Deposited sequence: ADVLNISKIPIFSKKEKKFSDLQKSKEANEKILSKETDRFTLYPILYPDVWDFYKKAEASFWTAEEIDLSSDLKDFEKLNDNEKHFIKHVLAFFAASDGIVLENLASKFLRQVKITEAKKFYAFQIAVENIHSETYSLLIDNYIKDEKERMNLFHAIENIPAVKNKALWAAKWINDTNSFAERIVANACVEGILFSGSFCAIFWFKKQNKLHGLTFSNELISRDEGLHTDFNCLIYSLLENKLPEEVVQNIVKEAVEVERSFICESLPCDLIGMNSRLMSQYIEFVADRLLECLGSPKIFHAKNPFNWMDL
């Protein structure tokens, strides 16, 4: 797929010297939406969630999901796509996206600081996380699918999965706590973060649709099926599922994976419906 280096969105825009007129109104609308959705960690009121955080099986599940969010990913890819996509509308969106991932990361840190007041507990939790069978699986999948050896199209599809598939079970877990009306700053920041992550997903699906040379159906399905297994491996397995049904969560993960496929222009492969009408 790499021999197609004649892609227009991967080609330098010599003919253009300023932003207007807008050449890609649809990718520009996504930038305008991200910009208008901007929020800071300051909007999270935490005080009334530490009294609220203070059962013991829930406490344990939360500490581990926060630690996962904060520490699960190894060694930047919004920055890669910022460098290699050439259209200004797309450069703007990826650069805004790096600053929003940073707000996400800060918000998880802040949550962590509030929930685990003890620096010793917290360091112990970060070390024991950094060895989980789900953290290793993720790194294998990234190793495989986010190479400089890979095509831009495989990388864009893999990006779509990091945004739309990975973490979707932990987002769901926290939505289950919201359905229960518990832990209000966690569930509030979770719904903002999850909202951003959905925009980031549709945006890569949009970039992928600007490509004249798309992947074979089979290759898209491989990438996605594998991201599913990585995701299966955490929220009801490496960390046991405390009032949630493990099997129904597998179906929800598979449901978001099919939805991404549709979005990437491929057939569903799981045919799972959404088990949770609360999502």
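Chemist: Which residue ranges of the deposited sequence are not present in the modelled coordinates?
Modeler: No coordinates exist for the deposited residues in 1 to 23, 78 to 79, 101 to 103, 270 to 271, 310 to 311, so these stretches are absent from the model.
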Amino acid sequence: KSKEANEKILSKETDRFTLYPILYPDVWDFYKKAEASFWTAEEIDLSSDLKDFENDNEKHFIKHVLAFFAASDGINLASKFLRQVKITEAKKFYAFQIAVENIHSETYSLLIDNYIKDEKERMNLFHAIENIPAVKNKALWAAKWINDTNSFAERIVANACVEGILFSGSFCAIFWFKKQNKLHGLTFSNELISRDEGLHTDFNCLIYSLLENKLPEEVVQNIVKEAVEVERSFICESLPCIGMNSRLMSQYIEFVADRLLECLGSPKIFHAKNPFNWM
From here on, numbers count along this sequence of modelled residues.
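Chemist: So which stretch wins on mean C-alpha B-factor, 230 to 238 or 207 to 215?
Modeler: Averaging CA B-factors over each stretch, the winner is 230 to 238.
Chemist: On average, are the C-alpha B-factors higher in 166 to 174 or in 133 to 141?
Modeler: Mean C-alpha B-factor is greater for 133 to 141.
Chemist: Looking at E154, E89, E101, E119, which one carries the largest C-alpha B-factor according to the PDB entry?
Modeler: Going by the entry's C-alpha B-factors, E119 comes out highest.
Chemist: Per the PDB entry, which option out of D56, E42, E35, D26 has the greatest Cα B factor?
Modeler: Out of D56, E42, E35, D26, the record gives the largest C-alpha B-factor to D56.
Chemist: According to the PDB entry, is the CA B factor of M123 in the bottom, middle or top third of its chain, that is, lowest, middle or highest?
Modeler: Highest third.
Chemist: Where does the C-alpha B-factor of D148 rank in its chain, lowest, middle or highest third?
Modeler: Answer is highest: the recorded C-alpha B-factor places it there.
Chemist: Could you look up the Cα B-factor of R83 in the entry and say which third of the chain it sits in: lowest, middle or highest?
Modeler: Tercile = highest for this residue's CA B-factor.
Chemist: Sort the modelled residues of this chain by their C-alpha B factor and say whether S194 lands in the lowest, middle or highest third.
Modeler: According to the entry, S194 has a C-alpha B-factor in the chain's lowest third.
Chemist: Going by what the PDB entry lists, where does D202 fall on CA B-factor within its chain: lowest, middle or highest third?
Modeler: Within its chain, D202 is a lowest-third residue by C-alpha B-factor, going by the deposited values.
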